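Peer 1: Sending over a structure as structure tokens; questions will come in a sec.
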Amino acid sequence: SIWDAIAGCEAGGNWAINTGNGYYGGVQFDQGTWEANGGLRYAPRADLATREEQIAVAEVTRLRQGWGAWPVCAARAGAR
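Just so we're on the same page, the entry's author numbering is the position in the sequence shown counted from 1, plus 282.
In structure tokens form, the structure reads like this:
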């Protein structure tokens, strides 16, 4: 559950957060990155997808992009 720690850091654990800052949901995806990593299969934006679906897209993103996708929070979670 490394993603729960990242989501604590990115979003205070609110997987449905949508504050209008350019980023969405528990791990603060921008829209380009949600769609490029297959997110539209699940929901129109990351905050409209479930925690499990957001993690699924985040696993694809990490494999494609690395942890550099979450510049501080991945470190705070112990990440590779």
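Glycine is no exception: its CB is placed at the ideal position from the N, C-alpha and C atoms.
Could you tell me the boundaries of the alpha helix (DSSP H) in which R333 lies?
Peer 2: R333 -> alpha helix (DSSP H) spans 333 to 347.
Peer 1: If you check the beta carbons only, do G308 and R333 fall under 8 Å apart?
Peer 2: Contact: yes.
Peer 1: Take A351 and list the residues in its own chain whose beta-carbon comes closer than 6 Å to its own, dropping the five residues that flank it on each side.
Peer 2: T343, listed in sequence order.
Peer 1: Have a look at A340 and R323 and give me their C-alpha separation to the nearest angstrom.
Peer 2: So the two alpha carbons sit approximately 14 Å from each other.
Peer 1: Checking the sheet assignment: what are the DSSP bridge partners for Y306?
Peer 2: Bridge partners of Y306: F311.
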